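> Enclosed is the structure file query05.txt (compact mmCIF, C-alpha atoms).
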# COMPACT_ATOMS: atom_id res chain seq x y z
CA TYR A 2 0.00 0.00 0.00
CA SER A 3 1.72 3.16 -1.23
CA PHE A 4 1.37 6.77 -0.14
CA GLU A 5 -0.27 7.69 -3.45
CA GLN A 6 -3.02 5.11 -3.02
CA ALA A 7 -3.56 6.12 0.60
CA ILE A 8 -3.99 9.81 -0.17
CA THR A 9 -6.30 8.96 -3.05
CA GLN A 10 -8.70 7.02 -0.83
CA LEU A 11 -8.56 9.73 1.84
CA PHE A 12 -9.37 12.45 -0.69
CA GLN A 13 -12.19 10.26 -1.98
CA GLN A 14 -13.62 10.10 1.54
CA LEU A 15 -13.25 13.86 2.00
CA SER A 16 -15.20 14.64 -1.16
CA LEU A 17 -12.00 16.05 -2.62
CA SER A 18 -10.84 15.79 -6.22
CA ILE A 19 -7.97 13.33 -6.68
CA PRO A 20 -4.88 15.44 -7.52
CA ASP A 21 -3.23 14.47 -10.82
CA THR A 22 0.11 14.82 -9.03
CA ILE A 23 0.47 13.78 -5.38
CA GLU A 24 3.24 15.82 -3.74
CA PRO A 25 5.49 14.35 -0.99
CA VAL A 26 3.87 16.63 1.59
CA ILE A 27 0.16 17.07 1.01
CA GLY A 28 -1.83 19.87 2.59
CA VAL A 29 -5.48 19.57 3.59
CA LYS A 30 -7.35 22.39 5.32
CA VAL A 31 -9.89 21.22 7.91
CA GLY A 32 -11.67 24.22 9.36
CA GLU A 33 -9.01 26.66 10.53
CA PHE A 34 -6.38 23.92 10.65
CA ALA A 35 -3.90 23.44 7.82
CA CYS A 36 -2.92 19.78 8.06
CA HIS A 37 0.05 18.22 6.32
CA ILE A 38 0.26 14.58 5.32
CA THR A 39 3.47 12.82 4.38
CA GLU A 40 5.37 9.51 4.49
CA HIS A 41 7.87 9.68 7.35
CA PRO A 42 9.67 7.44 7.87
CA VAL A 43 9.16 5.30 4.78
CA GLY A 44 6.21 3.02 5.52
CA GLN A 45 4.50 5.37 7.97
CA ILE A 46 1.82 7.99 7.36
CA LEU A 47 2.56 11.11 9.39
CA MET A 48 0.08 13.97 9.78
CA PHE A 49 0.87 17.23 11.53
CA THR A 50 -0.44 20.75 12.09
CA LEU A 51 0.88 23.92 13.73
CA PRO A 52 -1.45 24.81 16.63
CA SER A 53 -1.86 28.04 18.59
CA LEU A 54 -0.86 27.62 22.23
CA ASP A 55 -2.10 29.87 25.02
CA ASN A 56 1.07 31.59 26.24
CA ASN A 57 -0.40 31.23 29.74
CA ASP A 58 -0.33 27.41 29.71
CA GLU A 59 2.31 25.75 31.87
CA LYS A 60 4.50 22.89 30.63
CA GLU A 61 2.69 20.41 32.91
CA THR A 62 -0.63 21.25 31.27
CA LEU A 63 0.82 20.95 27.78
CA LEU A 64 2.58 17.67 28.59
CA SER A 65 -0.69 16.29 30.01
CA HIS A 66 -2.01 16.24 26.43
CA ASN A 67 0.54 13.56 25.59
CA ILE A 68 -0.37 10.82 28.04
CA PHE A 69 -1.04 7.50 26.28
CA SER A 70 -4.66 6.54 25.63
CA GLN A 71 -6.71 3.69 24.17
CA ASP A 72 -6.71 5.56 20.84
CA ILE A 73 -3.33 5.09 19.14
CA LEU A 74 -4.11 8.00 16.82
CA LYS A 75 -4.32 10.54 19.65
CA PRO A 76 -1.89 13.30 18.55
CA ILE A 77 1.33 14.31 20.29
CA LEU A 78 2.19 17.92 21.16
CA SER A 79 5.81 18.76 20.50
CA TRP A 80 8.07 21.67 19.74
CA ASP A 81 9.84 22.40 16.48
CA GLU A 82 12.82 23.64 18.50
CA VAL A 83 14.32 24.88 15.26
CA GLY A 84 11.17 26.27 13.63
CA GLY A 85 10.37 27.93 16.94
CA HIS A 86 6.76 26.77 17.14
CA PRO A 87 4.61 23.87 18.36
CA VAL A 88 3.92 20.85 16.14
CA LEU A 89 0.99 18.51 16.85
CA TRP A 90 1.19 15.14 15.10
CA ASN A 91 0.09 11.53 14.81
CA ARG A 92 1.10 8.53 13.14
CA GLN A 93 0.34 4.98 11.75
CA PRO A 94 1.63 2.13 9.51
CA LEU A 95 0.91 2.35 5.80
CA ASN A 96 0.58 -1.45 5.69
CA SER A 97 -2.24 -1.82 8.23
CA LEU A 98 -4.74 0.79 7.06
CA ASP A 99 -8.47 0.21 6.65
CA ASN A 100 -11.09 2.10 4.63
CA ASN A 101 -11.49 4.61 7.48
CA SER A 102 -7.88 4.59 8.75
CA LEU A 103 -6.68 7.88 7.27
CA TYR A 104 -9.93 9.76 7.88
CA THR A 105 -9.90 8.85 11.57
CA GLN A 106 -6.25 9.88 11.84
CA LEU A 107 -7.01 13.28 10.32
CA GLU A 108 -10.09 13.61 12.53
CA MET A 109 -8.16 12.74 15.70
CA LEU A 110 -5.46 15.26 14.75
CA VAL A 111 -7.93 18.15 14.37
CA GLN A 112 -9.75 17.09 17.54
CA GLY A 113 -6.44 17.32 19.37
CA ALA A 114 -5.82 20.75 17.86
CA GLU A 115 -9.22 21.93 19.11
CA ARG A 116 -8.56 20.72 22.67
CA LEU A 117 -5.42 22.85 22.74
CA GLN A 118 -7.45 26.01 22.07
CA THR A 119 -10.16 24.95 24.53
CA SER A 120 -7.76 25.42 27.47
CA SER A 121 -7.91 29.09 28.63
CA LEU A 122 -10.49 29.55 31.06
CA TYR B 2 2.90 -13.42 19.47
CA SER B 3 0.43 -13.19 22.33
CA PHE B 4 1.28 -10.75 25.15
CA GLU B 5 2.46 -13.71 27.23
CA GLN B 6 4.70 -14.99 24.43
CA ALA B 7 6.31 -11.60 23.83
CA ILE B 8 7.00 -11.15 27.54
CA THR B 9 8.48 -14.64 27.81
CA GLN B 10 10.92 -14.03 24.96
CA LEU B 11 11.95 -10.64 26.36
CA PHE B 12 12.56 -12.03 29.84
CA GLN B 13 14.67 -14.85 28.40
CA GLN B 14 16.78 -12.21 26.64
CA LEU B 15 17.12 -10.20 29.86
CA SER B 16 17.76 -13.43 31.80
CA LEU B 17 14.86 -12.62 34.14
CA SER B 18 12.63 -15.13 35.89
CA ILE B 19 9.24 -15.44 34.19
CA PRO B 20 6.33 -15.41 36.70
CA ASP B 21 4.21 -18.57 36.90
CA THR B 22 1.23 -16.40 36.03
CA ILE B 23 1.85 -13.45 33.72
CA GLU B 24 -0.09 -10.39 34.88
CA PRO B 25 -1.43 -7.78 32.41
CA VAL B 26 1.18 -5.22 33.57
CA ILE B 27 4.65 -6.49 33.76
CA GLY B 28 7.60 -4.54 35.36
CA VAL B 29 11.30 -4.69 34.59
CA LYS B 30 14.04 -2.74 36.34
CA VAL B 31 16.83 -1.48 34.07
CA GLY B 32 19.48 0.55 35.84
CA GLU B 33 17.63 3.16 37.88
CA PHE B 34 14.46 3.03 35.78
CA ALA B 35 11.46 0.89 36.67
CA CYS B 36 9.68 0.10 33.40
CA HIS B 37 6.15 -1.21 32.98
CA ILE B 38 4.97 -3.30 30.04
CA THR B 39 1.35 -3.93 29.08
CA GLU B 40 -1.02 -4.51 26.17
CA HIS B 41 -3.00 -1.28 25.68
CA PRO B 42 -5.11 -1.00 23.72
CA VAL B 43 -5.66 -4.58 22.57
CA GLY B 44 -3.05 -5.43 19.94
CA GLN B 45 -0.53 -2.82 21.08
CA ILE B 46 2.46 -3.26 23.39
CA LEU B 47 2.87 -0.22 25.63
CA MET B 48 5.92 0.46 27.81
CA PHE B 49 6.33 3.36 30.19
CA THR B 50 8.55 4.65 32.97
CA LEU B 51 8.35 7.49 35.49
CA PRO B 52 11.44 9.69 34.93
CA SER B 53 12.91 12.55 36.94
CA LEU B 54 13.16 15.73 34.88
CA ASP B 55 15.65 18.58 35.18
CA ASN B 56 13.88 21.50 36.84
CA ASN B 57 15.97 23.88 34.70
CA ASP B 58 14.32 22.73 31.46
CA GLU B 59 11.79 25.19 30.02
CA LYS B 60 8.50 24.42 28.27
CA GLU B 61 10.03 24.45 24.79
CA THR B 62 12.97 22.27 25.84
CA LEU B 63 10.74 19.52 27.25
CA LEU B 64 8.32 19.49 24.32
CA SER B 65 11.18 19.35 21.82
CA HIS B 66 11.81 15.77 23.02
CA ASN B 67 8.47 14.84 21.41
CA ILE B 68 9.04 15.85 17.79
CA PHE B 69 8.60 12.99 15.34
CA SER B 70 11.70 11.24 13.99
CA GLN B 71 12.61 8.27 11.80
CA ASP B 72 12.43 5.92 14.80
CA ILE B 73 8.81 5.12 15.66
CA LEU B 74 9.96 3.70 19.02
CA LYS B 75 11.26 7.11 20.19
CA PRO B 76 9.48 7.70 23.52
CA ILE B 77 6.97 10.43 24.24
CA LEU B 78 7.26 12.67 27.30
CA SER B 79 3.94 13.37 28.98
CA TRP B 80 2.45 14.27 32.38
CA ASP B 81 0.02 12.53 34.72
CA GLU B 82 -2.03 15.42 36.13
CA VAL B 83 -3.42 13.40 39.05
CA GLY B 84 -0.16 11.83 40.18
CA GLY B 85 1.66 15.06 39.46
CA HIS B 86 4.63 13.49 37.71
CA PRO B 87 6.01 12.92 34.22
CA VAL B 88 5.45 9.71 32.26
CA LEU B 89 7.71 8.65 29.36
CA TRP B 90 6.33 6.01 26.99
CA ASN B 91 6.48 4.24 23.66
CA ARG B 92 4.35 1.67 21.87
CA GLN B 93 4.20 -0.72 18.91
CA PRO B 94 1.79 -3.29 17.36
CA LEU B 95 1.84 -6.80 18.79
CA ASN B 96 1.08 -8.31 15.38
CA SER B 97 4.31 -7.12 13.76
CA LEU B 98 6.87 -8.03 16.43
CA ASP B 99 10.20 -9.64 15.60
CA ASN B 100 12.71 -11.48 17.82
CA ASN B 101 14.26 -8.25 19.13
CA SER B 102 11.28 -5.88 18.87
CA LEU B 103 10.44 -5.67 22.59
CA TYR B 104 14.10 -5.58 23.58
CA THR B 105 14.63 -2.66 21.20
CA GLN B 106 11.50 -0.90 22.48
CA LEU B 107 12.76 -1.21 26.07
CA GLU B 108 16.21 -0.01 25.06
CA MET B 109 14.73 3.02 23.28
CA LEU B 110 12.54 3.83 26.29
CA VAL B 111 15.48 3.77 28.71
CA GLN B 112 17.69 5.66 26.27
CA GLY B 113 14.97 8.30 26.22
CA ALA B 114 14.77 8.45 30.01
CA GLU B 115 18.54 9.01 30.04
CA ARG B 116 18.34 11.79 27.45
CA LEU B 117 15.91 13.66 29.68
CA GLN B 118 18.91 13.81 32.03
Mind turning this structure into structure tokens?


Amino acid sequence: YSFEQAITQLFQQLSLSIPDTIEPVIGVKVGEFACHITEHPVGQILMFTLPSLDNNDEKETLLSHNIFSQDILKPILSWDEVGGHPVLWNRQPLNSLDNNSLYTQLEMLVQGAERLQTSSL
Amino acid sequence: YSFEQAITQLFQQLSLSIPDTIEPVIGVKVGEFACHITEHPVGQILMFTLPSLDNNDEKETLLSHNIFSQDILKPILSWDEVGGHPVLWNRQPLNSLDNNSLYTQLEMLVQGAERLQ
């Protein structure tokens, strides 16, 4: 199961037109979240977005978002030390995907991005 | 591999006595790190340890340990809000394990705990 085929199916389930040329890093906008999909490392489908973090959130609160859960697609909050900004991402094997695999991954990623903006109050 | 079979092979490699009855959560002490191994969710082998972080590390420094890399066994640093302590963990599918898969996962987890310094 290649990246090309994976993206195709995903775009077919998003009511999106199958791109004639599938770039290495694909961008899909879900609401206000620009999500990027790519193969990294080879054999793994990685999805990531750049969230907005409340400057008033402590490290403990941010790290609490990364505790393991029963959903292996729950995204991880990290820092692009170099880029100087947060990176939220998830990941799964390209060889064990199901019809709804990629959609759920993208959905769990956005859901995680929304939770991060739900914390100030 | 069933959870029991994976644990048995790992313990043989670590030369550790295998309990008569294998519990769902299994611990192993490596150096100064107590590591816990369990199947969660079903079909996934989860390992985690409770590290001691450097109080000098800022928010950005701690979260930088979580960026994705080429090694899918690189551990994730998180926090248990109730216990009030950090939790470092990694995970991989039970259905795609090899002879040294769990040993490598444990090695990567401890290596990560050491990098937190």

> Ranking B:89, B:103, B:51, B:109 by minimum distance to residue 73 in chain B and counting only C-alpha atoms, which one comes first?

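Result for the nearest residue to residue 73 in chain B: B:109.
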
> Would you write out, as a Markdown table, a table of all residues in chain B that have an atom no more than 6 Å from an atom of chain A, listing for each the closest atom pair and the distance in Å to one decimal, considering all atoms listed in the file and ordering rows by chain and rising residue number?


| residue | atom | partner | partner_atom | distance |
| --- | --- | --- | --- | --- |
| B:42 | CA | A:71 | CA | 5.0 |
| B:60 | CA | A:60 | CA | 4.9 |
| B:64 | CA | A:79 | CA | 4.6 |
| B:65 | CA | A:80 | CA | 4.4 |
| B:67 | CA | A:79 | CA | 4.8 |
| B:68 | CA | A:79 | CA | 5.1 |
| B:71 | CA | A:42 | CA | 5.0 |
| B:79 | CA | A:64 | CA | 4.5 |
| B:80 | CA | A:65 | CA | 4.4 |

> Taking all atoms of range 62-79 of chain B that the file lists, what box with edges along x, y and z, padded by 3 Å per side, do you get, with centre and edge lengths in Å to one decimal, as AutoDock Vina command-line options?


--center_x 8.5 --center_y 13.0 --center_z 20.4 --size_x 15.0 --size_y 24.6 --size_z 23.2

> Show me, as a PyMOL selection string, the residues that have an atom within 6 Å of residue 37 in chain B when counting all atoms listed in the file, minus same-chain residues fewer than 3 positions from it.

chain B and resi 27-28+48-49

> With distances taken over all atoms listed in the file, which residue among A:7, A:95, A:48, A:26 lies nearest residue 109 in chain A?

A:48

> Could you jot down the CA of residue 24 in chain A to CA of residue 84 in chain A separation for me, Å, one decimal place?

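One can read the CA of residue 24 in chain A to CA of residue 84 in chain A distance as 21.8 Å.
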
> Please work out which residues fall within 10 Å of (-9.1, 8.7, 7.3), coordinates as given in the file, with all atoms listed in the file counting, and return them as a PyMOL selection string.

chain A and resi 7-8+10-15+98-109

> Figure out the distance between CA of residue 30 in chain A and CA of residue 18 in chain A, please, to one decimal in Å.

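Going from CA of residue 18 in chain A over to CA of residue 30 in chain A, I get 13.7 Å.
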
> Quick check, in Å to one decimal: how far apart do CA of residue 86 in chain B and CA of residue 15 in chain B lie?

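Interatomic distance here is 27.9 Å.
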
> Quick one: everything within 10 Å of residue 53 in chain A, counting only C-alpha atoms, minus sequence neighbours fewer than 2 positions away in the same chain. Send it as a list in words.

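The contact residues come out as residues 50, 51, 55, 56, 86, 87, 88, 114, 115, 117 and 118 of chain A.
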
> List the spatial neighbours of range 93-102 of chain B as a compact mmCIF listing (two decimals) with C-alpha atoms, in the coordinates of the input - criterion: any atom at most 7 Å away, all atoms listed in the file, same-chain residues fewer than 2 positions off excluded.


# COMPACT_ATOMS: atom_id res chain seq x y z
CA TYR B 2 2.90 -13.42 19.47
CA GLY B 44 -3.05 -5.43 19.94
CA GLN B 45 -0.53 -2.82 21.08
CA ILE B 46 2.46 -3.26 23.39
CA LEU B 47 2.87 -0.22 25.63
CA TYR B 104 14.10 -5.58 23.58
CA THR B 105 14.63 -2.66 21.20
CA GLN B 106 11.50 -0.90 22.48
